[PDB]
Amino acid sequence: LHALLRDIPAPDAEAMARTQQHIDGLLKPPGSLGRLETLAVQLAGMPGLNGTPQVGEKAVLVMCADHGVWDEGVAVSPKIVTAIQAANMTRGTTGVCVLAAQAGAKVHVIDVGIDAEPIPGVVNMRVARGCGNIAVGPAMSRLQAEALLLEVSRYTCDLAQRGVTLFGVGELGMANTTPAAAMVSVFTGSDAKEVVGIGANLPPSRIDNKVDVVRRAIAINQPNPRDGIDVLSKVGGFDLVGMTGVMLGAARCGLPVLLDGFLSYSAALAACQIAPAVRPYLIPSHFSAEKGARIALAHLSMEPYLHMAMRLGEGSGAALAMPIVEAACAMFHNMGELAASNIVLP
């Protein structure tokens, strides 16, 4: 794992410089395409992209797992829904499946800890049948977290060898906005009440209990903010760890990764804490309607492109933003040049 984090490539400044120059000469007022231009330059700096903004095959990775903290009454969805919805993923009827199909991306459903019998068609990487209840102890051991990180990392970069150049991250697990909120509180240093949201339609009355649970998790486990792996293993979850692993894997592979919503933000905070070199490869998608979204994004210093008030998860937001990444590439490769039109602009 040390090898992994060590071998994460830095961005290619040379390719980025040539990219900027090329974009500046396109048939348009310089800088008029704003963030679409900065996005194209960002992509060009990613080694896995061969010095130019391009998109080959696309894949969305959905990490599924159950959480012991569900027993604390922090989620209104039946715990069984995790397993049921995971199966639906293999049938292409879920929200991320439909949006991914629209973007021409393939969805990979990965079981990293569902509390049910194995589901046929789902990638098996389960650590255990659900993680421990973070309210009374750690979710898992440091060893289990590191092992999963390596496993998911390898799998992710392995897909790159199959033609995948753009990744999307997602999750599925009832009650996961609780550990997500806990990690955000720890990494950000914000009070629980400020980052705890309604998740999947949690009644407003039951909000106070969720906040108490998060505080208990932090007080009991005492996660060290300076150690991303410590935080993940103590008040995180298998699914959250998995998402972090996708981020580390793509970064090592020198490829871009599209974040999704609130759950992904917590995983990205952990990933950046573990390896700052991962940051240049992250691409925001939408602005989650979860209460702690603004705080989490501020600390990641990211400004989402899409404001859809979305809060479904599954990687649905990431899939929805893929067309935007492709647009930046289209702009870069298909637009004409000012010089060819004899047009001169300041």
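One rule holds for the numbers: they count along the sequence shown, beginning at 1.
| task | Compare the mean C-alpha B-factor of 293-301 with that of 42-50 as given in the PDB entry, and name the stretch with the higher value. | result | For C-alpha atoms only, the mean B-factor is higher in 293-301.
| request: Using the B-factors recorded in the PDB entry, average over the C-alpha atoms of 52-60 and of 303-311, then report which stretch comes out higher. | output: So the stretch with the higher mean C-alpha B-factor is 52-60.
| query | Say you rank 171, 227, 115, 111 by Cα B-factor from the PDB entry; which sits at the top? | reply | Most elevated C-alpha B-factor of the set, per the entry: 227.
| request: Specify which of 263, 241, 250, 219 carries the largest Cα B factor in the deposited PDB entry. | output: When the deposited C-alpha B-factors of 263, 241, 250, 219 are compared, 219 is largest.
| message | Looking at the temperature factor on the CA atom of residue 99, which third of the chain's modelled residues does it land in? | response | Lowest third - that is where residue 99 ends up once the chain's C-alpha B-factors are sorted.
| residue 85 CA temperature factor, ranked by third within the chain | Answer is lowest: the recorded C-alpha B-factor places it there.
| request: Could you say whether, by C-alpha temperature factor, residue 35 belongs to the lowest, middle or highest third of its chain? | output: It falls in the middle third of the chain.
| Relative C-alpha B-factor of residue 16, binned into the chain's lowest, middle or highest third | Within its chain, residue 16 is a middle-third residue by C-alpha B-factor, going by the deposited values.
| message | Taking only the Cα B-factors deposited for this chain, tell me whether residue 330 sits in the lowest, middle or highest third. | response | According to the entry, residue 330 has a C-alpha B-factor in the chain's middle third.
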